[PDB]
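upload.pdb (PDB, C-alpha atoms)
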ATOM      1  CA  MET G   1     -20.029  -5.073 -17.380  1.00  0.00           C
ATOM      2  CA  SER G   2     -20.014  -1.289 -17.055  1.00  0.00           C
ATOM      3  CA  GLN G   3     -23.472   0.243 -17.544  1.00  0.00           C
ATOM      4  CA  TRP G   4     -25.050  -3.173 -17.926  1.00  0.00           C
ATOM      5  CA  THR G   5     -27.625  -3.930 -15.257  1.00  0.00           C
ATOM      6  CA  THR G   6     -28.825  -7.461 -14.531  1.00  0.00           C
ATOM      7  CA  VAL G   7     -32.494  -8.073 -15.301  1.00  0.00           C
ATOM      8  CA  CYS G   8     -33.165 -11.621 -14.108  1.00  0.00           C
ATOM      9  CA  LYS G   9     -31.811 -15.163 -14.275  1.00  0.00           C
ATOM     10  CA  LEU G  10     -32.031 -16.926 -17.629  1.00  0.00           C
ATOM     11  CA  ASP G  11     -33.264 -20.111 -15.977  1.00  0.00           C
ATOM     12  CA  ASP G  12     -36.056 -18.382 -14.077  1.00  0.00           C
ATOM     13  CA  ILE G  13     -37.371 -17.312 -17.458  1.00  0.00           C
ATOM     14  CA  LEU G  14     -39.550 -20.094 -18.846  1.00  0.00           C
ATOM     15  CA  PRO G  15     -38.935 -20.970 -22.534  1.00  0.00           C
ATOM     16  CA  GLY G  16     -41.571 -19.482 -24.810  1.00  0.00           C
ATOM     17  CA  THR G  17     -42.366 -16.784 -22.257  1.00  0.00           C
ATOM     18  CA  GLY G  18     -41.362 -13.390 -20.898  1.00  0.00           C
ATOM     19  CA  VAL G  19     -42.401 -10.986 -18.154  1.00  0.00           C
ATOM     20  CA  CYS G  20     -41.617  -7.384 -17.265  1.00  0.00           C
ATOM     21  CA  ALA G  21     -39.348  -6.389 -14.415  1.00  0.00           C
ATOM     22  CA  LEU G  22     -38.766  -2.982 -12.868  1.00  0.00           C
ATOM     23  CA  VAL G  23     -35.223  -2.401 -14.071  1.00  0.00           C
ATOM     24  CA  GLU G  24     -33.934   0.679 -12.248  1.00  0.00           C
ATOM     25  CA  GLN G  25     -36.055   3.317 -14.007  1.00  0.00           C
ATOM     26  CA  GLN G  26     -37.757   1.418 -16.814  1.00  0.00           C
ATOM     27  CA  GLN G  27     -39.869  -1.725 -17.151  1.00  0.00           C
ATOM     28  CA  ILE G  28     -38.251  -4.321 -19.385  1.00  0.00           C
ATOM     29  CA  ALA G  29     -39.762  -7.554 -20.678  1.00  0.00           C
ATOM     30  CA  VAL G  30     -37.581 -10.561 -21.457  1.00  0.00           C
ATOM     31  CA  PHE G  31     -38.635 -12.715 -24.403  1.00  0.00           C
ATOM     32  CA  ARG G  32     -37.213 -16.206 -24.066  1.00  0.00           C
ATOM     33  CA  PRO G  33     -37.777 -18.154 -27.312  1.00  0.00           C
ATOM     34  CA  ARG G  34     -35.737 -21.274 -26.526  1.00  0.00           C
ATOM     35  CA  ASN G  35     -33.678 -22.744 -23.673  1.00  0.00           C
ATOM     36  CA  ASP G  36     -30.776 -20.783 -25.176  1.00  0.00           C
ATOM     37  CA  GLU G  37     -29.133 -17.780 -23.539  1.00  0.00           C
ATOM     38  CA  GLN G  38     -30.026 -15.456 -26.397  1.00  0.00           C
ATOM     39  CA  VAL G  39     -33.145 -13.714 -25.161  1.00  0.00           C
ATOM     40  CA  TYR G  40     -34.791 -10.394 -25.961  1.00  0.00           C
ATOM     41  CA  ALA G  41     -35.027  -7.922 -23.115  1.00  0.00           C
ATOM     42  CA  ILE G  42     -36.789  -4.842 -24.440  1.00  0.00           C
ATOM     43  CA  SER G  43     -39.395  -2.316 -23.346  1.00  0.00           C
ATOM     44  CA  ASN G  44     -42.580  -3.945 -24.621  1.00  0.00           C
ATOM     45  CA  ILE G  45     -45.322  -3.074 -22.156  1.00  0.00           C
ATOM     46  CA  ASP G  46     -49.020  -2.434 -22.712  1.00  0.00           C
ATOM     47  CA  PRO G  47     -50.187   0.796 -20.992  1.00  0.00           C
ATOM     48  CA  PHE G  48     -53.533  -0.852 -20.209  1.00  0.00           C
ATOM     49  CA  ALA G  49     -51.971  -3.810 -18.388  1.00  0.00           C
ATOM     50  CA  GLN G  50     -48.656  -2.434 -17.074  1.00  0.00           C
ATOM     51  CA  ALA G  51     -47.160  -5.851 -17.853  1.00  0.00           C
ATOM     52  CA  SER G  52     -45.531  -7.754 -20.691  1.00  0.00           C
ATOM     53  CA  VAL G  53     -48.886  -8.841 -22.122  1.00  0.00           C
ATOM     54  CA  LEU G  54     -47.499  -7.811 -25.493  1.00  0.00           C
ATOM     55  CA  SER G  55     -44.600 -10.166 -24.809  1.00  0.00           C
ATOM     56  CA  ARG G  56     -46.696 -13.175 -23.814  1.00  0.00           C
ATOM     57  CA  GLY G  57     -48.224 -13.292 -27.275  1.00  0.00           C
ATOM     58  CA  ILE G  58     -47.401 -15.610 -30.150  1.00  0.00           C
ATOM     59  CA  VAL G  59     -43.642 -15.797 -30.502  1.00  0.00           C
ATOM     60  CA  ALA G  60     -43.036 -17.230 -33.956  1.00  0.00           C
ATOM     61  CA  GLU G  61     -41.204 -16.670 -37.218  1.00  0.00           C
ATOM     62  CA  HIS G  62     -43.044 -14.188 -39.420  1.00  0.00           C
ATOM     63  CA  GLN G  63     -40.629 -14.346 -42.338  1.00  0.00           C
ATOM     64  CA  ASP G  64     -36.982 -14.821 -41.440  1.00  0.00           C
ATOM     65  CA  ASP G  65     -36.658 -13.546 -37.897  1.00  0.00           C
ATOM     66  CA  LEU G  66     -38.378 -13.858 -34.532  1.00  0.00           C
ATOM     67  CA  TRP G  67     -41.592 -11.869 -34.235  1.00  0.00           C
ATOM     68  CA  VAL G  68     -44.218 -11.580 -31.529  1.00  0.00           C
ATOM     69  CA  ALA G  69     -47.865 -11.486 -32.536  1.00  0.00           C
ATOM     70  CA  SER G  70     -49.749  -9.190 -30.185  1.00  0.00           C
ATOM     71  CA  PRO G  71     -52.825 -10.947 -28.717  1.00  0.00           C
ATOM     72  CA  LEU G  72     -54.685  -7.647 -28.400  1.00  0.00           C
ATOM     73  CA  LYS G  73     -53.191  -5.187 -30.888  1.00  0.00           C
ATOM     74  CA  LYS G  74     -52.267  -7.978 -33.349  1.00  0.00           C
ATOM     75  CA  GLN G  75     -49.384  -5.901 -34.795  1.00  0.00           C
ATOM     76  CA  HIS G  76     -46.279  -8.006 -35.448  1.00  0.00           C
ATOM     77  CA  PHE G  77     -43.309  -6.823 -33.423  1.00  0.00           C
ATOM     78  CA  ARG G  78     -39.894  -8.024 -34.540  1.00  0.00           C
ATOM     79  CA  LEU G  79     -38.280  -8.869 -31.201  1.00  0.00           C
ATOM     80  CA  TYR G  80     -34.898  -7.171 -31.621  1.00  0.00           C
ATOM     81  CA  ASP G  81     -36.292  -4.406 -33.829  1.00  0.00           C
ATOM     82  CA  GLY G  82     -39.410  -3.013 -32.209  1.00  0.00           C
ATOM     83  CA  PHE G  83     -41.304  -1.971 -35.345  1.00  0.00           C
ATOM     84  CA  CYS G  84     -44.822  -3.280 -35.932  1.00  0.00           C
ATOM     85  CA  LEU G  85     -45.289  -5.406 -39.076  1.00  0.00           C
ATOM     86  CA  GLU G  86     -45.338  -2.567 -41.597  1.00  0.00           C
ATOM     87  CA  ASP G  87     -46.555   0.657 -39.982  1.00  0.00           C
ATOM     88  CA  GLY G  88     -44.800   1.478 -36.735  1.00  0.00           C
ATOM     89  CA  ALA G  89     -47.627   3.305 -34.978  1.00  0.00           C
ATOM     90  CA  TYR G  90     -46.917   1.353 -31.799  1.00  0.00           C
ATOM     91  CA  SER G  91     -43.170   0.706 -31.978  1.00  0.00           C
ATOM     92  CA  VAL G  92     -41.441  -0.201 -28.709  1.00  0.00           C
ATOM     93  CA  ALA G  93     -37.946   0.424 -27.331  1.00  0.00           C
ATOM     94  CA  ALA G  94     -35.157  -2.070 -27.958  1.00  0.00           C
ATOM     95  CA  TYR G  95     -32.102  -1.820 -25.731  1.00  0.00           C
ATOM     96  CA  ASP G  96     -28.961  -3.931 -26.131  1.00  0.00           C
ATOM     97  CA  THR G  97     -28.333  -6.939 -23.896  1.00  0.00           C
ATOM     98  CA  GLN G  98     -25.448  -9.158 -22.792  1.00  0.00           C
ATOM     99  CA  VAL G  99     -25.197 -12.462 -20.935  1.00  0.00           C
ATOM    100  CA  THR G 100     -22.565 -12.519 -18.201  1.00  0.00           C
ATOM    101  CA  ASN G 101     -23.008 -15.866 -16.429  1.00  0.00           C
ATOM    102  CA  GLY G 102     -26.475 -17.351 -16.715  1.00  0.00           C
ATOM    103  CA  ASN G 103     -27.877 -13.870 -16.177  1.00  0.00           C
ATOM    104  CA  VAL G 104     -28.991 -11.344 -18.775  1.00  0.00           C
ATOM    105  CA  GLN G 105     -28.042  -7.680 -18.511  1.00  0.00           C
ATOM    106  CA  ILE G 106     -29.103  -4.626 -20.511  1.00  0.00           C
ATOM    107  CA  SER G 107     -27.442  -1.303 -21.240  1.00  0.00           C
ATOM    108  CA  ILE G 108     -29.642   1.030 -19.197  1.00  0.00           C
ATOM    109  CA  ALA G 109     -29.785   4.242 -21.168  1.00  0.00           C
ATOM    110  CA  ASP G 110     -32.836   5.853 -19.574  1.00  0.00           C
ATOM    111  CA  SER G 111     -34.881   7.560 -22.259  1.00  0.00           C
ATOM    112  CA  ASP G 112     -38.281   8.293 -20.729  1.00  0.00           C
ATOM    113  CA  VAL G 113     -38.809   7.800 -17.006  1.00  0.00           C
ATOM    114  CA  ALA G 114     -42.289   8.018 -15.506  1.00  0.00           C
ATOM    115  CA  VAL G 115     -43.658   7.943 -11.967  1.00  0.00           C
ATOM    116  CA  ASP G 116     -45.144   4.745 -10.517  1.00  0.00           C
ATOM    117  CA  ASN G 117     -48.931   4.469 -10.596  1.00  0.00           C
ATOM    118  CA  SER G 118     -51.210   4.514  -7.576  1.00  0.00           C
ATOM    119  CA  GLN G 119     -53.738   1.933  -8.703  1.00  0.00           C
ATOM    120  CA  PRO G 120     -56.059   0.030  -6.335  1.00  0.00           C
ATOM    121  CA  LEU G 121     -54.582  -3.441  -5.816  1.00  0.00           C
ATOM    122  CA  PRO G 122     -56.559  -6.662  -6.552  1.00  0.00           C
ATOM    123  CA  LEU G 123     -59.539  -6.892  -4.223  1.00  0.00           C
ATOM    124  CA  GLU G 124     -60.472 -10.301  -2.826  1.00  0.00           C
ATOM    125  CA  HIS G 125     -63.971 -11.546  -3.610  1.00  0.00           C
ATOM    126  CA  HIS G 126     -65.306 -12.529  -0.196  1.00  0.00           C
ATOM    127  CA  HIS G 127     -67.682 -15.480  -0.564  1.00  0.00           C
ATOM    128  CA  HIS G 128     -71.356 -14.526  -0.446  1.00  0.00           C
ATOM    129  CA  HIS G 129     -73.540 -17.067   1.390  1.00  0.00           C
ATOM    130  CA  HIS G 130     -72.460 -20.560   2.427  1.00  0.00           C
TER
END
Translate the structure of the given file into structure tokens.
Amino acid sequence: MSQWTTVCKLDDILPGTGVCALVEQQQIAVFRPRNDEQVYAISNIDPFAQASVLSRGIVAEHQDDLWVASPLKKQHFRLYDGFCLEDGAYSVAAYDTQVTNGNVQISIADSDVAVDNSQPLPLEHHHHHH
């Protein structure tokens, strides 16, 4: 472990799922296909959601490998590749990952760092009338 930063615990990541975490400078989503240690921690975030909504899609085998079917954009992202089905007009960033001890780490080579957004947080709907 040199430039490899820990993302999250493998166990905290539910099988068949994956969420984004603020990893140092970049948001990274961790696809966990099975209860194995081999997961996919890449930059797959939707700019309209700011979360791994593109990662919580349909994780299945498209041909030979593991692909994620986008629920919104529908393009088929190969997990470790990043390209979209055929035409990569929405390709994401795929960084390399290692598993130290039950925890997954990525090689943080910062490519494009942006400033955090100042969006109005979720507003509670106060009940109208009893």
Exercise: residue 73 of chain G partners within 10 Å, all atoms listed in the file, chain neighbours under 3 positions left out, as a ChimeraX atom specification: /G:46,54,69-70,76,84,90
Atomic separation - atom CA of residue 3 of chain G relative to atom CA of residue 104 of chain G, Å: 12.9 Å
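Considering all atoms listed in the file, the residue among G:85, G:106, G:66, G:45 positioned nearest to residue 24 of chain G is G:106.
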Test item: residues at most 12 Å from segment 62-65 of chain G, only C-alpha atoms, excluding those fewer than 5 positions along its chain, as a VMD selection string: chain G and resid 33 75 to 81 84 to 85
Answer key for the PyMOL selection byres ((chain G and resi 96) around 10), residues as a PyMOL selection string: chain G and resi 4+40-42+80+94-95+97-98+105-109
Interatomic distance, atom CA of residue 32 of chain G to atom CA of residue 71 of chain G (Å, one decimal): 17.1 Å
Atomic separation - atom CA of residue 48 of chain G relative to atom CA of residue 27 of chain G, Å: 14.0 Å
Nearest residue to residue 19 of chain G from the set G:92, G:39, G:72, G:123 (distances using only C-alpha atoms): G:39
Counting all atoms listed in the file, the residue of G:121, G:28, G:59, G:99 that sits nearest residue 9 of chain G: G:99
Residues matched by the PyMOL selection byres ((chain G and resi 11) around 9) as a ChimeraX atom specification: /G:8-10,12-15,35,37,102-103
G:2, G:57, G:43, G:34 ranked by distance to residue 110 of chain G, top pick (using all atoms listed in the file): G:43
Output check: residues returned by the PyMOL selection byres ((chain G and resi 117) around 12), as a PyMOL selection string: chain G and resi 47-50+114-116+118-121
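Using all atoms listed in the file, the shortest contact distance between residue 17 of chain G and any of G:38, G:5, G:52, G:44 is found at G:52.
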